[PDB]
Amino acid sequence: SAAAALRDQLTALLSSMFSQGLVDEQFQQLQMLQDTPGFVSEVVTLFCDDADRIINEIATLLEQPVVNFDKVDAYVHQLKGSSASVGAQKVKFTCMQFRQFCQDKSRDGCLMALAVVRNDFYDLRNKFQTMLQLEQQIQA
């Protein structure tokens, strides 16, 4: 048919996420929660936005003549919390490495550190956007 073809794709896309380690049981819990039919799409839409906003705020802190590593550690810990809650486990564990740099007051470990956060955020944003598209076409 058409729709049936979409759920197979959406189920296929979703099975992608976990088979590649991009998401964990917390993402599973969101699915549990939805079971509010568009709940998951909105949560991911929000994470998508508040997530890049924090990356930008950290990039701004790391571009200052004097770096407030106190604040970088705080933004990383907030990003670590948004990640556990939607299930992007890697962004979350990379966030668990930043402290080490902030505490080491290193402007390169934090600057390259954010590059790995970038590495992990966009891989999942990719799988995020596609899912959103399929979830919308359920009723196009």
# chains A, B, ... in the order shown; residues from 1 in each chain; ligands from 1
$ residues_around --residues "residue 48 of chain A" --least-positions-apart "6" --cutoff "9 Å" --atoms "only C-alpha atoms" --output "PyMOL selection string"
chain A and resi 121+125+128
$ residues_around --residues "residue 68 of chain A" --least-positions-apart "5" --cutoff "12 Å" --atoms "only C-alpha atoms" --output "ChimeraX atom specification"
/A:57-63,73-75,102-103,105-107,110
$ write_last_selection --atoms "C-alpha atoms" --output "compact mmCIF listing (two decimals), in the first residue's frame"
# COMPACT_ATOMS: atom_id res chain seq x y z
CA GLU A 57 26.42 28.91 24.09
CA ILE A 58 29.44 26.72 24.90
CA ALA A 59 31.14 27.82 21.61
CA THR A 60 30.58 31.40 22.76
CA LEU A 61 32.16 30.72 26.15
CA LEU A 62 35.21 29.05 24.50
CA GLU A 63 35.71 32.05 22.15
CA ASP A 73 31.03 22.68 32.71
CA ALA A 74 27.44 23.83 33.58
CA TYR A 75 26.31 23.94 29.90
CA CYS A 102 37.06 22.30 32.11
CA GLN A 103 38.76 21.16 35.34
CA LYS A 105 41.26 24.58 32.20
CA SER A 106 42.21 23.62 28.62
CA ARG A 107 40.96 25.65 25.75
CA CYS A 110 37.02 21.98 25.39
$ residues_around --residues "residue 29 of chain A" --least-positions-apart "5" --cutoff "12 Å" --atoms "only C-alpha atoms" --output "list in words"
residues 23, 24, 34, 35, 39, 40, 84, 85, 86 and 87 of chain A
$ write_last_selection --atoms "N, CA, C and O atoms" --output "PDB file, in the first residue's frame"
ATOM      1  N   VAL A  23      20.912   5.525  20.083  1.00  0.00           N
ATOM      2  CA  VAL A  23      20.004   5.758  21.208  1.00  0.00           C
ATOM      3  C   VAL A  23      19.914   4.547  22.115  1.00  0.00           C
ATOM      4  O   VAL A  23      20.198   3.392  21.692  1.00  0.00           O
ATOM      5  N   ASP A  24      19.493   4.808  23.347  1.00  0.00           N
ATOM      6  CA  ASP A  24      19.364   3.751  24.361  1.00  0.00           C
ATOM      7  C   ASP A  24      17.915   3.648  24.943  1.00  0.00           C
ATOM      8  O   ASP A  24      16.943   4.264  24.428  1.00  0.00           O
ATOM      9  N   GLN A  34       4.647   8.028  25.148  1.00  0.00           N
ATOM     10  CA  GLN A  34       3.657   8.337  24.119  1.00  0.00           C
ATOM     11  C   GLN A  34       2.493   7.370  24.222  1.00  0.00           C
ATOM     12  O   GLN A  34       1.346   7.728  23.895  1.00  0.00           O
ATOM     13  N   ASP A  35       2.807   6.140  24.632  1.00  0.00           N
ATOM     14  CA  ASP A  35       1.796   5.117  24.837  1.00  0.00           C
ATOM     15  C   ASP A  35       1.509   5.108  26.351  1.00  0.00           C
ATOM     16  O   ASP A  35       0.382   5.322  26.805  1.00  0.00           O
ATOM     17  N   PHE A  39       3.614  13.098  20.860  1.00  0.00           N
ATOM     18  CA  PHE A  39       4.523  13.396  21.939  1.00  0.00           C
ATOM     19  C   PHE A  39       6.024  13.236  21.571  1.00  0.00           C
ATOM     20  O   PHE A  39       6.838  14.183  21.734  1.00  0.00           O
ATOM     21  N   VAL A  40       6.389  12.052  21.090  1.00  0.00           N
ATOM     22  CA  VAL A  40       7.789  11.795  20.750  1.00  0.00           C
ATOM     23  C   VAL A  40       8.335  12.816  19.708  1.00  0.00           C
ATOM     24  O   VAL A  40       9.445  13.369  19.868  1.00  0.00           O
ATOM     25  N   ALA A  84      20.483  12.239  28.095  1.00  0.00           N
ATOM     26  CA  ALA A  84      20.086  10.978  28.761  1.00  0.00           C
ATOM     27  C   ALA A  84      18.566  10.799  28.549  1.00  0.00           C
ATOM     28  O   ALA A  84      18.097   9.732  28.118  1.00  0.00           O
ATOM     29  N   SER A  85      17.827  11.877  28.858  1.00  0.00           N
ATOM     30  CA  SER A  85      16.353  11.932  28.788  1.00  0.00           C
ATOM     31  C   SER A  85      15.741  11.631  27.399  1.00  0.00           C
ATOM     32  O   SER A  85      14.643  11.102  27.318  1.00  0.00           O
ATOM     33  N   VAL A  86      16.410  11.957  26.291  1.00  0.00           N
ATOM     34  CA  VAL A  86      15.825  11.580  24.978  1.00  0.00           C
ATOM     35  C   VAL A  86      16.497  10.295  24.452  1.00  0.00           C
ATOM     36  O   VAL A  86      16.058   9.702  23.463  1.00  0.00           O
ATOM     37  N   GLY A  87      17.583   9.888  25.114  1.00  0.00           N
ATOM     38  CA  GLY A  87      18.309   8.702  24.714  1.00  0.00           C
ATOM     39  C   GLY A  87      19.537   8.760  23.791  1.00  0.00           C
ATOM     40  O   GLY A  87      19.989   7.699  23.361  1.00  0.00           O
TER      41      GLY A  87
END
$ residues_around --residues "residue 109 of chain A" --least-positions-apart "2" --cutoff "12 Å" --atoms "only C-alpha atoms" --output "PyMOL selection string"
chain A and resi 62+69+72+94+97-107+111-117
$ write_last_selection --atoms "N, CA and C atoms" --output "CSV table (one decimal), in the first residue's frame"
chain,number,residue,atom,x,y,z
A,62,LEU,N,33.8,29.5,24.9
A,62,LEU,CA,35.2,29.1,24.5
A,62,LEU,C,35.9,30.0,23.6
A,69,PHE,N,35.3,28.4,32.5
A,69,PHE,CA,35.1,27.0,32.5
A,69,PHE,C,34.0,26.5,33.4
A,72,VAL,N,31.1,26.6,31.2
A,72,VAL,CA,31.2,25.6,30.2
A,72,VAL,C,30.8,24.2,30.8
A,94,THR,N,30.1,11.6,25.9
A,94,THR,CA,31.2,12.6,25.5
A,94,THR,C,31.1,13.7,26.5
A,97,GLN,N,33.1,13.8,29.6
A,97,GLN,CA,34.5,13.9,29.4
A,97,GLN,C,35.0,15.3,29.5
A,98,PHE,N,34.1,16.2,29.2
A,98,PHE,CA,34.3,17.7,29.2
A,98,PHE,C,34.8,18.3,30.6
A,99,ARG,N,34.2,17.8,31.7
A,99,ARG,CA,34.6,18.2,33.0
A,99,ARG,C,36.0,18.1,33.2
A,100,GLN,N,36.6,17.0,32.7
A,100,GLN,CA,38.0,16.7,32.8
A,100,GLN,C,38.7,17.9,32.2
A,101,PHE,N,38.3,18.3,31.0
A,101,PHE,CA,39.0,19.5,30.3
A,101,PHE,C,38.7,20.8,31.1
A,102,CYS,N,37.4,21.1,31.3
A,102,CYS,CA,37.1,22.3,32.1
A,102,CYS,C,37.9,22.4,33.4
A,103,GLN,N,38.0,21.3,34.1
A,103,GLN,CA,38.8,21.2,35.3
A,103,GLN,C,40.3,21.3,35.0
A,104,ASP,N,40.6,20.9,33.8
A,104,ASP,CA,42.0,21.0,33.4
A,104,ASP,C,42.3,22.4,32.8
A,105,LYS,N,41.2,23.3,32.8
A,105,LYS,CA,41.3,24.6,32.2
A,105,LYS,C,42.1,24.5,30.9
A,106,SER,N,41.5,23.8,29.9
A,106,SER,CA,42.2,23.6,28.6
A,106,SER,C,41.3,24.2,27.5
A,107,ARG,N,41.8,25.1,26.7
A,107,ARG,CA,41.0,25.6,25.7
A,107,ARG,C,40.9,24.8,24.5
A,111,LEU,N,37.5,23.0,23.2
A,111,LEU,CA,37.2,23.3,21.8
A,111,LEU,C,37.1,22.0,21.0
A,112,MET,N,38.1,21.1,21.1
A,112,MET,CA,38.0,19.9,20.3
A,112,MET,C,36.9,19.0,20.9
A,113,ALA,N,36.7,19.1,22.2
A,113,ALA,CA,35.7,18.3,23.0
A,113,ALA,C,34.3,18.6,22.3
A,114,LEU,N,34.0,19.9,22.1
A,114,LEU,CA,32.7,20.3,21.5
A,114,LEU,C,32.6,19.7,20.1
A,115,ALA,N,33.7,19.6,19.4
A,115,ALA,CA,33.7,19.0,18.0
A,115,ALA,C,33.2,17.5,18.1
A,116,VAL,N,33.6,16.8,19.1
A,116,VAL,CA,33.0,15.4,19.2
A,116,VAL,C,31.5,15.5,19.6
A,117,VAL,N,31.1,16.5,20.4
A,117,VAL,CA,29.7,16.7,20.8
A,117,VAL,C,29.0,17.0,19.4
$ residues_around --residues "residue 88 of chain A" --least-positions-apart "2" --cutoff "10 Å" --atoms "only C-alpha atoms" --output "PyMOL selection string"
chain A and resi 17-18+21-27+80+82-86+90-93+120-121+123-125
$ atom_distance --atom1 "atom CA of residue 76 of chain A" --atom2 "atom CA of residue 118 of chain A"
12.3 Å
$ atom_distance --atom1 "atom CA of residue 14 of chain A" --atom2 "atom CA of residue 2 of chain A"
18.1 Å
$ closest_residue --among "A:96, A:140, A:54, A:3" --to "residue 78 of chain A" --atoms "only C-alpha atoms"
A:54
